[PDB]
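Subsequent text provides structure tokens for two forms of one protein chain, presented individually as structure 1 and structure 2.
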Structure 1
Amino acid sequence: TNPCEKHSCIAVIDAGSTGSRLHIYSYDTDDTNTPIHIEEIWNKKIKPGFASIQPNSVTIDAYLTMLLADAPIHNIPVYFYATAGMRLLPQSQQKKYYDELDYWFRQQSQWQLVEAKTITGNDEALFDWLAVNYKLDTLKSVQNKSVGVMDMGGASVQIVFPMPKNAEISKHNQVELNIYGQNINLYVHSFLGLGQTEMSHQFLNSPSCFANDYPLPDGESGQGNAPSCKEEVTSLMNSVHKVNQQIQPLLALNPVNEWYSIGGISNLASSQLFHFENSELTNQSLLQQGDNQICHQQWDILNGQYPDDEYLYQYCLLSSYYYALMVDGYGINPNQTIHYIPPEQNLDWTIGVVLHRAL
């Protein structure tokens, strides 16, 4: 069966810093031609990030072929939206990637490329909030509670929550959204350089951030201590980026009732070393588990016991960093529940694109 013969279908590609994810969505539309019944009918993910690969024909051909070739439906519109990995590069370097990608799409006849472009972290934050609230079924009716969303990426992190329009705040950080006949005002912010890969490049020689005896590039040995690593990461959040100064006053005035996180935190929280129930965690418990299970354990033993976790060596650092970002940066209480979407649900911001081309 091809659902796309009976329902509208589009393909959306999340071209993230650490990899690209193709989704094919089928949907119907209600009275205003707004999508409903959105279903993912195909998903494929590849590594590494599109902005990391050499921008020549042969490399981009291998990459796009790997991403698209085995898709069961090809004669549909395609949106290719890159996020913070491409935002790291100047517009001149990005142009080479889009020229090669445009050329590739023109060498074949099935996929109809609608747009290929780098979106801003503010657009990425709006799509993050739309994607999670569509899954929560909170978009069709006016809500009593405030839902905030966090997306933990490899190069940037987003935070987005309801906030009335404020003339003192940049226009770029505020979005007025009309969807399903309701009007929604959002604060959006993205912090470029505070994603997990970029942040980690500032702490690779910090012994407190690695399991005991992990080999640091300077020849010293890891000596893990999550509260100590967390204080180091907080200097990058607040002394450098001023996360606390920008976010805490706004959340004080516009409290969030439920927090949902997507991105890398879902993967860490779901791993064998951590234990959380009901797809929810607290920062207090995340930091204590990371400290006890990873930071204070012997690297050779951990490495041999978890040979499939390719991110294991960063788990002490990540536990520390997520705490630094959420508690010290955003001002979230260490005991506050944070929901995370299970990784097997393949939920990224791309559902937001399905919804908001129509609004």
Structure 2
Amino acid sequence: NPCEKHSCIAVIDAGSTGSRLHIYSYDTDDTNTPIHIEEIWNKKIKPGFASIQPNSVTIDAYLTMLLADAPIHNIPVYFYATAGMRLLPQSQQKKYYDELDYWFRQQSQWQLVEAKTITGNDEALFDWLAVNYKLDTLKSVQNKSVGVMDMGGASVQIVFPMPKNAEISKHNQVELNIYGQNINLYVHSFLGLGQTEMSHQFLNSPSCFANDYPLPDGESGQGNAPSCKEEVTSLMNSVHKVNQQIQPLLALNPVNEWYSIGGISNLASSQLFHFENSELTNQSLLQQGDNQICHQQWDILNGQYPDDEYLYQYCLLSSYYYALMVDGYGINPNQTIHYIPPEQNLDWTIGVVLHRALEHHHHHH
């Protein structure tokens, strides 16, 4: 019974593809900042909260499915929705939260702190805090710059150390004080550039699918990762101006180690790829995707890798990740990108556990 010996908190990541409940036990240091954070419960359900009908019956069944069987209920809960909910009209988001708030008003133990759609900049902050907590890089001032990417279904986040810059929007910068050190981060989220939303722009692009894959328009895949990559790069740069926004900042504030969470782990774990030590390079990702996936016959691939979820998109996703990281962020194709092993299902939720403590009894900072 860990919550009889430690503080405990529930954090729900309500993302575009599903909601994942975490309960963490933790202790605190001399400034009442969480340490010894341990996950004691993890439950995920599908589909995304923004994808279910926003009526009482459906939302009530979904929250019961997510929460009722948790081992401890008398604890603070944060329900934070991300890019899936950001895509909806305000009226629709309000209907979801009104029904969710009603559901919690009928719960006598759960302590609902907040339920809301967070900005992609908050999500990026929590991404960086969660990964650095796990890497054990927060307790002391670092030799090296650690950058984090989160590759979601609807948005993608990038976040890295950068000194305050009064020429850049206040919304894209965060200063915090944690474990005795002052940290200044650049944060950005690109809504629409998550894998699900991006893919809906390229489904009839033959270069983005394995040979003979049946495209929606009745034509056939004819995969070519470099060509698909160039198409996705036009969405990255001509549309979203990722290069113009990110490249000059990384040039001035280089990152020594890149970590990624989200969907790269799922792709890179395919047996179609040869990666070791839970790390890849963009050049190897694009080359392997081109040679083993894009240029292979669809029917053969399909039968040969039967456990590979969204295998039909692996030519597209190899090309898209390279477009995003290389052509968008300007990362060198030969630079190592660490991905957190998929078994961990690491998300940003530990960031909430840490962040909520940093202002103590100041309520409006």
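Between two forms, the rigid core is the largest collection of C-alphas that superpose within 1.5 Å. Sequence positions of structure 1, starting at 1, serve as the residue numbers.
Its Cα shifted by 1.3 Å, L113 is compared between the two structures on a rigid core fit. Shown is the Cα shift of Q305 between the two structures after rigid core superposition, which amounts to 2.1 Å.
A C-alpha shift of 0.8 Å is found for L89 between the two structures, based on superposition of the rigid core.
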